[PDB]
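Take a look at the structure below.
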Amino acid sequence: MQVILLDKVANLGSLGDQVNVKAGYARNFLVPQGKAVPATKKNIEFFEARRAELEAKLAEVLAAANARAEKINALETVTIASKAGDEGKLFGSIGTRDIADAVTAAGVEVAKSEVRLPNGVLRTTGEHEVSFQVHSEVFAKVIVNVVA
Amino acid sequence: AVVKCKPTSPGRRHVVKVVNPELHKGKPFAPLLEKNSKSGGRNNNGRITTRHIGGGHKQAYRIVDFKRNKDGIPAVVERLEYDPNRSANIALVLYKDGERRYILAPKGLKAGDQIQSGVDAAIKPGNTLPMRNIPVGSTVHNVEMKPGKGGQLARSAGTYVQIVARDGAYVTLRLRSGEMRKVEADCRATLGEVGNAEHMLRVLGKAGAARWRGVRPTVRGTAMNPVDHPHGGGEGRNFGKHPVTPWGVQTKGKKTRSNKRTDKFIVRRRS
Amino acid sequence: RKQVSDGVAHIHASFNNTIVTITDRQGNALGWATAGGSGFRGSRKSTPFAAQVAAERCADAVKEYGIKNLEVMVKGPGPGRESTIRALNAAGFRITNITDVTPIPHXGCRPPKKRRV
Amino acid sequence: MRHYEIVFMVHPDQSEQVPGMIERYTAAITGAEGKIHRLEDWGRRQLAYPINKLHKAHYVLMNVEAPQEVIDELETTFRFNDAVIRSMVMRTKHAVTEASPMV
Amino acid sequence: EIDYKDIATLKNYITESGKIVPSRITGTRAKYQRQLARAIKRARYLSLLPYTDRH
Amino acid sequence: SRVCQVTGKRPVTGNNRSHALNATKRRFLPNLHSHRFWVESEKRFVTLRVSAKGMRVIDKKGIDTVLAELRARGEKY
RNA sequence: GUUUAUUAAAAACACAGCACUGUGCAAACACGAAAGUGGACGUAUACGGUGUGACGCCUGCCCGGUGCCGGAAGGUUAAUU
RNA sequence: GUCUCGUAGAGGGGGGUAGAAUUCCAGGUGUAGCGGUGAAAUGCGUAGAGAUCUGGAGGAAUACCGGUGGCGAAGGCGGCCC
Ligand SMILES: [Cu+]
Ligand SMILES: [Cu+]
Ligand SMILES: [K+]
Ligand SMILES: [K+]
Ligand SMILES: [K+]
Ligand SMILES: [K+]
Ligand SMILES: [K+]
Ligand SMILES: [K+]
Ligand SMILES: [K+]
Ligand SMILES: [K+]
Ligand SMILES: [K+]
Ligand SMILES: [K+]
Ligand SMILES: [K+]
Ligand SMILES: [K+]
Ligand SMILES: [K+]
Ligand SMILES: [K+]
Ligand SMILES: [K+]
Ligand SMILES: [K+]
Ligand SMILES: [Mg+2]
Ligand SMILES: [Mg+2]
Ligand SMILES: [Mg+2]
Ligand SMILES: [Mg+2]
Ligand SMILES: [Mg+2]
Ligand SMILES: [Mg+2]
Ligand SMILES: [Mg+2]
Ligand SMILES: [Mg+2]
Ligand SMILES: [Mg+2]
Ligand SMILES: [Mg+2]
Ligand SMILES: [Mg+2]
Ligand SMILES: [Mg+2]
Ligand SMILES: [Mg+2]
Ligand SMILES: [Mg+2]
Ligand SMILES: [Mg+2]
Ligand SMILES: [Mg+2]
Ligand SMILES: [Mg+2]
Ligand SMILES: [Mg+2]
Ligand SMILES: [Mg+2]
Ligand SMILES: [Mg+2]
Ligand SMILES: [Mg+2]
Ligand SMILES: [Mg+2]
């Protein structure tokens, strides 16, 4: 299937590229996510005539993501409280939803889909390092302090 | 206790009863009762689809709490009871807030005992926790297979499961069959063994005692005519063929599991 | 094909045979020889000379790896306990350590019944 | 009212929890009219042989006089505490207060 | 009295391989040899002493 | 019914033939799958029961054109 | 106890007991182009299939044939290309 | 024969636990033998055994101490802890 990329897609190409991808790749991911469109004559001519504003919007999105990442980094450390045993091990667990809620209460709005926990979901009291992905290329870090 | 009947009649000579002088002698707890009428082994086409089922005693269904998700609130066992629907006994328990429920009765549970469920419950028989919070090597019963679905494994009298290992999001279990089975560690399990272990020691003693339980006679295929069963036929007692079901499938060792969807959870088959 | 220069020679000295296996320090085998495989059978297979020949053959088999230093682990009561070590030293290796690793149950399983010969 | 000597070994990665465990256990003993004759913290020591693939452990020694019920509860706590890798409870003829050969 | 914590003293009554030395070799009285054996076994369990030298 | 919502493909009958040419009646069924199609112009997913051929037809013609055809035919989705 | 309503009531069938075997639950299995339903609001001390037939003392040798179970290095081998 | 203080002891019943070793399972290295006997053969091995390293499962018994040593009516009783 021939498609026109509407953004930067890793291992595929840059915006405006015309690429041949597997039909399922286009059908179930790229088009529904908005990262590409079918390479019909209408689409090709329309995009080529109306192209540059899209890079302007992509730059605006990247700048907004950078600003949000800077705010997240400036937030530094966020503290979450739960219940645990005397050994410091939590009976329950601390996940993306409540981490994002704590960050939002701290001031920066982050969705649960932007939380990236490398070593699974937190289960012990102490300090952990969590990552945030607000853009496909930028990354932020937050210290999480779990207390009883 | 296991009690042998005296042979005052040929139908009583071989009877062995399991007599428990702790079960409630009165009526069950009505709000947790439902009617349950009989099928005779017939489906909604009205056809017999499982042979040898019919008759037997009328039975009310007791609503049993297999989920055990009323967390953080202690309950006290009020009494043990007979349940016609299953081999295990059940226990009526009263929660602190005034709610009553039925649970499977673990071995050793008696009236006055306290039970609890949830991540912070004590490691004691009758308490229910996610297996993430149960020590490896423990004996448990009424084990969930999906978190929140409710207990499904080791529910029969005297049965239990062993937690043999815990790796990541999964625990490995030794089932009563001998199978080693992976289950999510967020699945719940109740500490201890199912009670009423003496159940298997009973001896029915007469044909009628099976009829009381809703079991109708088995007719051997070799006792039939060929039109009825692959085994039928013969001038006298004849066989001369590989044993099969009434529908022709070998019935002496041929395996019939075929579930590629759940194969990934079987660490080791029972044999 | 990778140089090691620091190996371990395991001697399995049983009453009937001697097995010599040279590994690296992590237990990965590089080569082996046995008294039974070095042209000896029957009563000849269970002699110190056969064990020495097996040790020489094992040294030859590991010659490519360029081993210089050898620890030695001897296990079993067989007659090839010391001839193998002597041959290994004569082959040019530097014998750094010698250790007995014969297993001894601390009780253990019941042994087979006594032979009535 | 009997006299006990309790030695327990903590996983080295949980060495920071040792003072908390010591305080909790001593409080549990003293709650039921128990006495602590001796309390020593040997710190991390090298094990003579590996235990659970470890090579060092944090040793704590206590000498107390406590009822059997609280001693059994303490043993249950040791069994179900994942940090305690090995414990040992012994009866002693009398109270022991003198310094151990470790210190 | 023999103390299972007295590792320095206990080490005089074990071989290089860790085995308990006979009282007929050490010149120890029998009553104290029994206490020594008990103390050594306790120390082995607490991992203050090795069971075998291949540790 | 085992019918494609896009092409109208449905079971057809024919014969199995053996080497001795014995004919026994059989059916040929369509390769149908229930699939969630993203409609961009309505910001939603619509589920259709479609043959693999119908999926190719949607790839070629666009889900909007196909859905307009379905509305014209009166086939609800 | 059951049976050839209408020439056979029996030594036949069933039976409690016994064994083999299948079945980890959306169970095996069965009715059903299917959806579903029975199995079971049961969960291996459970459920199906098969043989034997209270109880007592017992149940020896043969895996070459046929079947079932396991293996997968090699030979041969379909559509496809 | 009873009481008071103390002593040694594999005396008994119940529960827990530790280390060595055997077997089995999985994986890594590695290659033509292994195992067995008086000598052999059956058996195991190129479908990768035996050997060596790592992880796991499980049952049974407790090296050294240990002794014409101890305890128990006899039969008998042996790691450690309660
Ligand atoms: Cu239809
Ligand atoms: Cu083929
Ligand atoms: K019942
Ligand atoms: K029958
Ligand atoms: K027949
Ligand atoms: K017949
Ligand atoms: K006949
Ligand atoms: K523990
Ligand atoms: K009759
Ligand atoms: K009949
Ligand atoms: K069965
Ligand atoms: K009889
Ligand atoms: K009888
Ligand atoms: K045969
Ligand atoms: K055969
Ligand atoms: K083949
Ligand atoms: K005593
Ligand atoms: K023991
Ligand atoms: Mg109908
Ligand atoms: Mg049946
Ligand atoms: Mg029933
Ligand atoms: Mg039967
Ligand atoms: Mg007939
Ligand atoms: Mg037929
Ligand atoms: Mg005949
Ligand atoms: Mg015949
Ligand atoms: Mg057939
Ligand atoms: Mg032998
Ligand atoms: Mg002779
Ligand atoms: Mg015709
Ligand atoms: Mg009738
Ligand atoms: Mg008649
Ligand atoms: Mg008649
Ligand atoms: Mg169902
Ligand atoms: Mg179905
Ligand atoms: Mg159903
Ligand atoms: Mg018969
Ligand atoms: Mg054969
Ligand atoms: Mg086969
Ligand atoms: Mg086994």
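Residue numbering restarts at 1 in every chain; chains get A, B, ... in the order shown in the structure tokens, and ligands count up from 1 in that same order.
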Neighbours of residue 18 of chain H within 9 Å (only C-alpha atoms (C1' of nucleotides); same-chain residues fewer than 5 positions away dropped), as a PyMOL selection string?
(chain E and resi 44-45) or (chain H and resi 79-80)
Give me every alpha helix (DSSP H) residue in segment 81-224 of chain B, going by DSSP on the backbone, as number ranges by chain.
B: 207-211
Shell of 7 Å around segment 18-31 of chain C, only C-alpha atoms (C1' of nucleotides), local chain residues under 5 positions omitted, as a ChimeraX atom specification
/C:4,6-13,51,54-55,58,61-62,80 /H:29-30,51-53
Please identify every residue of chain B that has at least one atom no farther than 8 Å from an atom of chain G, counting only C-alpha atoms (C1' of nucleotides), and for each give the shortest atom pair and the distance in Å to one decimal, arranged by chain then increasing number, as a tab-separated table.
```
residue	atom	partner	partner_atom	distance
B:14	CA	G:16	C1'	7.8
B:41	CA	G:38	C1'	6.0
B:42	CA	G:38	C1'	5.5
B:43	CA	G:38	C1'	4.1
B:44	CA	G:37	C1'	5.3
B:45	CA	G:31	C1'	6.6
B:47	CA	G:31	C1'	6.2
B:48	CA	G:31	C1'	7.6
B:49	CA	G:30	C1'	4.4
B:50	CA	G:30	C1'	6.1
B:86	CA	G:42	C1'	7.4
B:87	CA	G:45	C1'	7.8
B:152	CA	G:43	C1'	5.9
B:153	CA	G:43	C1'	5.8
B:154	CA	G:43	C1'	6.8
B:155	CA	G:43	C1'	6.4
B:156	CA	G:45	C1'	6.4
B:157	CA	G:45	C1'	5.5
B:158	CA	G:45	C1'	6.0
B:159	CA	G:45	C1'	7.0
B:176	CA	G:44	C1'	6.2
B:177	CA	G:44	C1'	5.3
B:179	CA	G:24	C1'	7.7
B:181	CA	G:24	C1'	8.0
B:197	CA	G:45	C1'	6.8
B:198	CA	G:45	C1'	8.0
B:199	CA	G:45	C1'	6.2
B:200	CA	G:45	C1'	4.9
B:203	CA	G:16	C1'	7.9
B:204	CA	G:16	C1'	6.2
B:205	CA	G:16	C1'	4.6
B:206	CA	G:16	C1'	4.4
B:207	CA	G:15	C1'	5.0
B:217	CA	G:14	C1'	6.5
B:218	CA	G:14	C1'	7.9
B:219	CA	G:14	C1'	7.7
B:223	CA	G:13	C1'	7.9
B:242	CA	G:67	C1'	6.6
B:243	CA	G:50	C1'	6.5
B:244	CA	G:50	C1'	7.1
B:245	CA	G:49	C1'	5.6
B:251	CA	G:49	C1'	5.9
B:252	CA	G:21	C1'	4.7
B:253	CA	G:21	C1'	5.2
B:254	CA	G:68	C1'	6.0
B:255	CA	G:22	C1'	6.3
B:256	CA	G:28	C1'	6.7
B:257	CA	G:28	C1'	7.0
```
Output C-alpha atoms for every residue in the selection just made, as a PDB file, in the first residue's frame.
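And here is the file that came out, out.pdb:
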```
ATOM      1  CA  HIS B  14     -21.479 -52.577  53.062  1.00  0.00           C
ATOM      2  CA  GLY B  41     -28.857 -34.486  31.386  1.00  0.00           C
ATOM      3  CA  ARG B  42     -30.882 -32.897  28.586  1.00  0.00           C
ATOM      4  CA  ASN B  43     -30.119 -29.610  26.806  1.00  0.00           C
ATOM      5  CA  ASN B  44     -32.439 -27.053  25.189  1.00  0.00           C
ATOM      6  CA  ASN B  45     -32.959 -29.322  22.193  1.00  0.00           C
ATOM      7  CA  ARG B  47     -31.904 -34.332  23.880  1.00  0.00           C
ATOM      8  CA  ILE B  48     -29.897 -36.346  26.344  1.00  0.00           C
ATOM      9  CA  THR B  49     -26.419 -34.867  26.017  1.00  0.00           C
ATOM     10  CA  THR B  50     -24.852 -36.389  29.135  1.00  0.00           C
ATOM     11  CA  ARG B  86     -21.122 -30.029  46.508  1.00  0.00           C
ATOM     12  CA  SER B  87     -18.757 -32.406  48.354  1.00  0.00           C
ATOM     13  CA  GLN B 152     -12.370 -22.032  40.345  1.00  0.00           C
ATOM     14  CA  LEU B 153      -9.549 -24.443  41.360  1.00  0.00           C
ATOM     15  CA  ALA B 154      -9.398 -26.810  44.357  1.00  0.00           C
ATOM     16  CA  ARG B 155     -12.966 -26.564  45.557  1.00  0.00           C
ATOM     17  CA  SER B 156     -13.830 -30.231  46.142  1.00  0.00           C
ATOM     18  CA  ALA B 157     -13.695 -31.778  49.618  1.00  0.00           C
ATOM     19  CA  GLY B 158     -10.163 -32.275  50.827  1.00  0.00           C
ATOM     20  CA  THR B 159      -8.479 -30.559  47.892  1.00  0.00           C
ATOM     21  CA  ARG B 176      -4.373 -31.823  42.674  1.00  0.00           C
ATOM     22  CA  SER B 177      -4.191 -33.474  39.245  1.00  0.00           C
ATOM     23  CA  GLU B 179      -0.367 -30.411  36.743  1.00  0.00           C
ATOM     24  CA  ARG B 181       0.055 -24.362  36.131  1.00  0.00           C
ATOM     25  CA  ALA B 197     -11.439 -34.829  53.642  1.00  0.00           C
ATOM     26  CA  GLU B 198     -13.221 -38.001  54.809  1.00  0.00           C
ATOM     27  CA  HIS B 199     -15.763 -37.636  51.954  1.00  0.00           C
ATOM     28  CA  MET B 200     -13.913 -40.165  49.799  1.00  0.00           C
ATOM     29  CA  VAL B 203     -19.275 -46.395  50.703  1.00  0.00           C
ATOM     30  CA  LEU B 204     -22.699 -46.161  49.061  1.00  0.00           C
ATOM     31  CA  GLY B 205     -23.462 -49.819  49.782  1.00  0.00           C
ATOM     32  CA  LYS B 206     -26.513 -50.310  47.479  1.00  0.00           C
ATOM     33  CA  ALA B 207     -27.807 -49.312  44.007  1.00  0.00           C
ATOM     34  CA  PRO B 217     -27.568 -46.938  35.448  1.00  0.00           C
ATOM     35  CA  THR B 218     -24.646 -47.383  33.072  1.00  0.00           C
ATOM     36  CA  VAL B 219     -25.213 -50.018  30.384  1.00  0.00           C
ATOM     37  CA  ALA B 223     -24.097 -55.735  26.379  1.00  0.00           C
ATOM     38  CA  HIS B 242     -10.200 -51.730  20.392  1.00  0.00           C
ATOM     39  CA  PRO B 243     -12.275 -50.143  23.190  1.00  0.00           C
ATOM     40  CA  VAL B 244     -14.110 -47.002  22.043  1.00  0.00           C
ATOM     41  CA  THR B 245     -16.741 -44.549  23.248  1.00  0.00           C
ATOM     42  CA  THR B 251     -11.205 -44.719  25.126  1.00  0.00           C
ATOM     43  CA  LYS B 252      -8.082 -46.317  26.696  1.00  0.00           C
ATOM     44  CA  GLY B 253      -5.328 -43.723  26.463  1.00  0.00           C
ATOM     45  CA  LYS B 254      -6.112 -41.550  23.467  1.00  0.00           C
ATOM     46  CA  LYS B 255      -5.693 -37.912  24.475  1.00  0.00           C
ATOM     47  CA  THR B 256      -8.391 -35.362  23.804  1.00  0.00           C
ATOM     48  CA  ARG B 257      -7.093 -31.989  25.056  1.00  0.00           C
TER      49      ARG B 257
END
```
I need the contact residues of chain F against chain G, so if you could list those with any atom within 10 Å, counting only C-alpha atoms (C1' of nucleotides), and return them as a PyMOL selection string, that would help.
chain F and resi 1-2+27
Counting only C-alpha atoms, which residues of chain D come no farther than 10 Å from chain A, as a list in words?
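Within 10 Å of chain A on chain D, we get residues 14, 17, 18, 20, 21, 24, 81, 82 and 83 of chain D.
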Give me, as a list in words, the set of residues whose atoms come within 12 Å of any atom of ligand 9, counting only C-alpha atoms (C1' of nucleotides) and all ligand atoms.
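Those residues are residues 1, 2, 3, 8, 9, 10 and 12 of chain G.
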Would you save the residues from that selection as a PDB file, in the first residue's frame, using N, CA, C and O atoms (P, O5', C5', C4', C3', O3' and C1' of nucleotides)?
```pdb
ATOM      1  P     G G   1     -37.064 -58.002  44.558  1.00  0.00           P
ATOM      2  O5'   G G   1     -37.049 -56.495  44.061  1.00  0.00           O
ATOM      3  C5'   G G   1     -37.128 -56.186  42.690  1.00  0.00           C
ATOM      4  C4'   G G   1     -36.516 -54.842  42.390  1.00  0.00           C
ATOM      5  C3'   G G   1     -36.502 -54.511  40.903  1.00  0.00           C
ATOM      6  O3'   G G   1     -37.635 -53.759  40.552  1.00  0.00           O
ATOM      7  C1'   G G   1     -34.298 -54.461  41.735  1.00  0.00           C
ATOM      8  P     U G   2     -38.521 -54.218  39.301  1.00  0.00           P
ATOM      9  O5'   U G   2     -37.494 -54.167  38.092  1.00  0.00           O
ATOM     10  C5'   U G   2     -37.109 -52.932  37.528  1.00  0.00           C
ATOM     11  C4'   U G   2     -36.285 -53.153  36.289  1.00  0.00           C
ATOM     12  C3'   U G   2     -36.964 -53.963  35.200  1.00  0.00           C
ATOM     13  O3'   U G   2     -37.838 -53.173  34.428  1.00  0.00           O
ATOM     14  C1'   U G   2     -34.785 -54.778  35.531  1.00  0.00           C
ATOM     15  P     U G   3     -39.137 -53.845  33.768  1.00  0.00           P
ATOM     16  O5'   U G   3     -38.541 -54.693  32.566  1.00  0.00           O
ATOM     17  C5'   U G   3     -37.838 -54.060  31.511  1.00  0.00           C
ATOM     18  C4'   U G   3     -37.269 -55.109  30.599  1.00  0.00           C
ATOM     19  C3'   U G   3     -38.304 -56.077  30.062  1.00  0.00           C
ATOM     20  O3'   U G   3     -38.905 -55.519  28.911  1.00  0.00           O
ATOM     21  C1'   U G   3     -36.340 -57.243  30.802  1.00  0.00           C
ATOM     22  P     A G   8     -43.464 -65.596  27.277  1.00  0.00           P
ATOM     23  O5'   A G   8     -42.093 -66.296  26.794  1.00  0.00           O
ATOM     24  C5'   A G   8     -41.721 -67.595  27.288  1.00  0.00           C
ATOM     25  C4'   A G   8     -40.246 -67.619  27.602  1.00  0.00           C
ATOM     26  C3'   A G   8     -39.800 -66.588  28.634  1.00  0.00           C
ATOM     27  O3'   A G   8     -39.957 -67.163  29.921  1.00  0.00           O
ATOM     28  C1'   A G   8     -38.330 -66.535  26.750  1.00  0.00           C
ATOM     29  P     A G   9     -40.520 -66.322  31.165  1.00  0.00           P
ATOM     30  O5'   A G   9     -39.234 -65.486  31.670  1.00  0.00           O
ATOM     31  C5'   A G   9     -38.077 -66.182  32.186  1.00  0.00           C
ATOM     32  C4'   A G   9     -37.740 -65.682  33.574  1.00  0.00           C
ATOM     33  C3'   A G   9     -38.889 -65.607  34.585  1.00  0.00           C
ATOM     34  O3'   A G   9     -38.402 -65.613  35.915  1.00  0.00           O
ATOM     35  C1'   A G   9     -38.213 -63.414  33.993  1.00  0.00           C
ATOM     36  P     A G  10     -37.946 -66.970  36.649  1.00  0.00           P
ATOM     37  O5'   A G  10     -36.524 -67.339  36.067  1.00  0.00           O
ATOM     38  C5'   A G  10     -35.458 -66.439  36.221  1.00  0.00           C
ATOM     39  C4'   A G  10     -34.304 -66.866  35.378  1.00  0.00           C
ATOM     40  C3'   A G  10     -33.029 -66.104  35.623  1.00  0.00           C
ATOM     41  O3'   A G  10     -32.421 -66.593  36.796  1.00  0.00           O
ATOM     42  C1'   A G  10     -33.386 -66.367  33.302  1.00  0.00           C
ATOM     43  P     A G  12     -26.081 -63.947  34.279  1.00  0.00           P
ATOM     44  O5'   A G  12     -26.864 -63.387  33.000  1.00  0.00           O
ATOM     45  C5'   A G  12     -26.447 -63.629  31.662  1.00  0.00           C
ATOM     46  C4'   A G  12     -27.237 -62.788  30.683  1.00  0.00           C
ATOM     47  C3'   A G  12     -27.331 -61.313  31.036  1.00  0.00           C
ATOM     48  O3'   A G  12     -26.265 -60.593  30.471  1.00  0.00           O
ATOM     49  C1'   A G  12     -29.504 -62.175  30.709  1.00  0.00           C
TER      50        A G  12
END
```
Would you mind listing, as an MDAnalysis selection string, all residues of chain H that have at least one atom within 10 Å of chain E, where only C-alpha atoms (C1' of nucleotides) are what counts?
chainID H and resid 8 17:20 63:67 69 79:81
Ligand 24: which residues are within 9 Å, counting only C-alpha atoms (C1' of nucleotides) and all ligand atoms? Reply as a VMD selection string.
chain B and resid 225 to 232 248
Produce a file of the selected residues containing C-alpha atoms, as a short mmCIF file (atom, residue, chain, number, x, y, z; two decimals), in the first residue's frame.
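Result file is result01.cif:
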```cif
data_model
loop_
_atom_site.label_atom_id
_atom_site.label_comp_id
_atom_site.auth_asym_id
_atom_site.auth_seq_id
_atom_site.Cartn_x
_atom_site.Cartn_y
_atom_site.Cartn_z
CA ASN B 225 -26.45 -54.88 19.73
CA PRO B 226 -24.16 -53.59 16.97
CA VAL B 227 -26.69 -51.01 15.85
CA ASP B 228 -26.41 -49.46 19.34
CA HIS B 229 -22.67 -49.36 20.12
CA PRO B 230 -19.41 -50.35 18.39
CA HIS B 231 -18.90 -52.93 21.14
CA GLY B 232 -22.27 -54.60 20.70
CA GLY B 248 -16.24 -44.46 18.11
#
```
Measure the distance from atom CA of residue 134 of chain A to atom CA of residue 92 of chain A in Å and round it to one decimal.
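According to the coordinates, atom CA of residue 134 of chain A and atom CA of residue 92 of chain A are separated by 27.5 Å.
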Skip residue 56 of chain D itself and residues of its chain fewer than 5 positions away, then list as a short mmCIF file (atom, residue, chain, number, x, y, z; two decimals) with C-alpha atoms, in the first residue's frame all residues within 7 Å of it, counting only C-alpha atoms (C1' of nucleotides).
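Result written to result-v8.cif:
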```
data_model
loop_
_atom_site.label_atom_id
_atom_site.label_comp_id
_atom_site.auth_asym_id
_atom_site.auth_seq_id
_atom_site.Cartn_x
_atom_site.Cartn_y
_atom_site.Cartn_z
CA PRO D 12 22.39 -7.22 53.61
CA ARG D 44 27.51 -7.40 58.34
CA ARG D 45 29.62 -10.55 58.51
CA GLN D 46 30.95 -12.86 55.83
CA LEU D 47 29.10 -16.18 55.79
#
```
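Considering only C-alpha atoms (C1' of nucleotides) and all ligand atoms, every residue of the polymer chains approaching ligand 15 to 8 Å or closer is listed here: residues 63, 64, 65 and 66 of chain G.
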Generate a file of the selected residues that holds N, CA, C and O atoms (P, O5', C5', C4', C3', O3' and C1' of nucleotides), formatted as a PDB file, in the first residue's frame.
```
ATOM      1  P     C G  63       7.870 -59.285  26.010  1.00  0.00           P
ATOM      2  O5'   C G  63       6.651 -58.640  25.228  1.00  0.00           O
ATOM      3  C5'   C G  63       6.480 -58.888  23.841  1.00  0.00           C
ATOM      4  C4'   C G  63       6.177 -57.623  23.088  1.00  0.00           C
ATOM      5  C3'   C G  63       7.204 -56.502  23.239  1.00  0.00           C
ATOM      6  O3'   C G  63       7.273 -55.798  22.004  1.00  0.00           O
ATOM      7  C1'   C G  63       5.092 -55.700  23.838  1.00  0.00           C
ATOM      8  P     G G  64       8.511 -56.013  21.014  1.00  0.00           P
ATOM      9  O5'   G G  64       8.086 -57.229  20.073  1.00  0.00           O
ATOM     10  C5'   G G  64       8.770 -57.454  18.848  1.00  0.00           C
ATOM     11  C4'   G G  64       8.095 -58.460  17.940  1.00  0.00           C
ATOM     12  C3'   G G  64       6.750 -58.084  17.342  1.00  0.00           C
ATOM     13  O3'   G G  64       6.849 -57.158  16.277  1.00  0.00           O
ATOM     14  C1'   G G  64       6.660 -60.308  18.090  1.00  0.00           C
ATOM     15  P     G G  65       5.777 -55.972  16.122  1.00  0.00           P
ATOM     16  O5'   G G  65       4.424 -56.705  15.713  1.00  0.00           O
ATOM     17  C5'   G G  65       4.299 -57.400  14.482  1.00  0.00           C
ATOM     18  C4'   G G  65       2.891 -57.893  14.267  1.00  0.00           C
ATOM     19  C3'   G G  65       1.800 -56.835  14.347  1.00  0.00           C
ATOM     20  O3'   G G  65       1.622 -56.167  13.109  1.00  0.00           O
ATOM     21  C1'   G G  65       1.189 -58.716  15.652  1.00  0.00           C
ATOM     22  P     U G  66       1.398 -54.582  13.045  1.00  0.00           P
ATOM     23  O5'   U G  66      -0.043 -54.346  13.685  1.00  0.00           O
ATOM     24  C5'   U G  66      -1.230 -54.556  12.938  1.00  0.00           C
ATOM     25  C4'   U G  66      -2.458 -54.310  13.781  1.00  0.00           C
ATOM     26  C3'   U G  66      -2.527 -52.959  14.477  1.00  0.00           C
ATOM     27  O3'   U G  66      -2.976 -51.904  13.643  1.00  0.00           O
ATOM     28  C1'   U G  66      -2.987 -54.649  16.040  1.00  0.00           C
TER      29        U G  66
END
```
Quick check, in Å to one decimal: how far apart do atom CA of residue 36 of chain B and atom CA of residue 51 of chain B lie?
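Atom CA of residue 51 of chain B lies at a distance of 19.6 Å from atom CA of residue 36 of chain B.
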Spatial neighbours of residue 1 of chain D, 9 Å, only C-alpha atoms (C1' of nucleotides), chain gap at least 2 places, as a ChimeraX atom specification:
/D:3,34,65-68
Selected residues written out, C-alpha atoms, as a compact mmCIF listing (two decimals), in the first residue's frame:
```
# COMPACT_ATOMS: atom_id res chain seq x y z
CA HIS D 3 15.18 -17.20 79.22
CA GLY D 34 9.40 -9.08 79.17
CA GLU D 65 13.15 -13.29 79.22
CA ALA D 66 9.71 -13.57 77.65
CA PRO D 67 6.55 -15.69 77.72
CA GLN D 68 6.28 -18.59 75.30
```
Test item: residues at most 7 Å from residue 90 of chain D, only C-alpha atoms (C1' of nucleotides), excluding those fewer than 4 positions along its chain, as a ChimeraX atom specification:
/D:4-6 /H:81
